[PDB]
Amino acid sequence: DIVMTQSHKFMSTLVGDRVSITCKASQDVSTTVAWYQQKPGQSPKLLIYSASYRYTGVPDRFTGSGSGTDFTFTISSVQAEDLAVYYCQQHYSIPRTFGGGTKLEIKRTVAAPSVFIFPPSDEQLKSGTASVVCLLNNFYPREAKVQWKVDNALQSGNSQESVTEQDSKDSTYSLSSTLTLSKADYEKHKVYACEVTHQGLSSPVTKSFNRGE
C-alpha cells in the first residue's frame, strides 16, 4: 500500500487568514492527489483533484500544489463554514489510500458560556431515576470546567459531559453535563447546582435550584 501521511492532526486559524495543510506520500504518485473536505455531520466533499485542479463548483480560495511525494492544500482566506477535516488521497494506484486527516479549528475571541440548569422531569422521577442537566451554551475556547454540588457537597463519579463540534456560524462550542442519581438519593437532598469556570468568566458562575418550587 501507498501510505499518505498528514503532518498535523489539528490546525487552528483566524477567519480571513491563510492555512496550508501538507501531505506526504511514501512513494512517487506524480501529480495525482485529491483533497476532500468533511464538515461536521456531513459526508466528504471532493474539493481538489490532480494536486492542483479544482472540482466544479469549488470556491477559488481552495488551491493545491505539489508533485511526487509532497503536496499542500491551501485556503487563502479561511471562513467560518470552512470548519472540517481535510483529507488527502492518492488516486494514483490500487489500493486507494487516504490520509489521516487534519481538523481545522477556528480561533476567535473569548466567549463566556451561558449557563442553564434543568431539574429532572416528574416522569423520569416516577420511573425511578433523576437526571439533572447543566447546559453551557455558545462559549469559546473549548475548555470549560463544570462541578456539581448537591447541598454544597461536591460530586464525583456520577456525572457525564458531552461537548458539540464547533458551530459554523459563531465558531463556539456547547457542553452538556448530566448528573445521574436515584429517586431515593434525589429526594434525599434539596439544593442542586452546577458551578462553571471558563477562560471568559472573571469568577465562577453557579446555577442552582431547590428541589420542588
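Each residue number is its position in the shown sequence, starting from 1.
- Mean CA temperature factor is higher for 88 to 96 when stretches 88 to 96 and 137 to 145 are set side by side in the entry.
- 63 to 71 and 180 to 188 differ in mean CA B-factor, and the higher of the two is recorded for 180 to 188.
- Note on 174, 52, 26, 38: the highest value goes to 26, judged by CA B factor as recorded.
- In this entry, the residue among 77, 102, 114, 121 with the greatest C-alpha B factor is 121.
- In this PDB entry, the Cα temperature factor of residue 110 sits in the bottom third of its chain's modelled residues, the lowest group.
- In this PDB entry, residue 164 carries a Cα temperature factor that places it within the lowest third of its chain's modelled residues.
- Ranked by Cα temperature factor within the chain, residue 130 sits in the highest third according to the deposited record.
- Per-chain ranking of the deposited C-alpha B factor places residue 48 in the lowest third.
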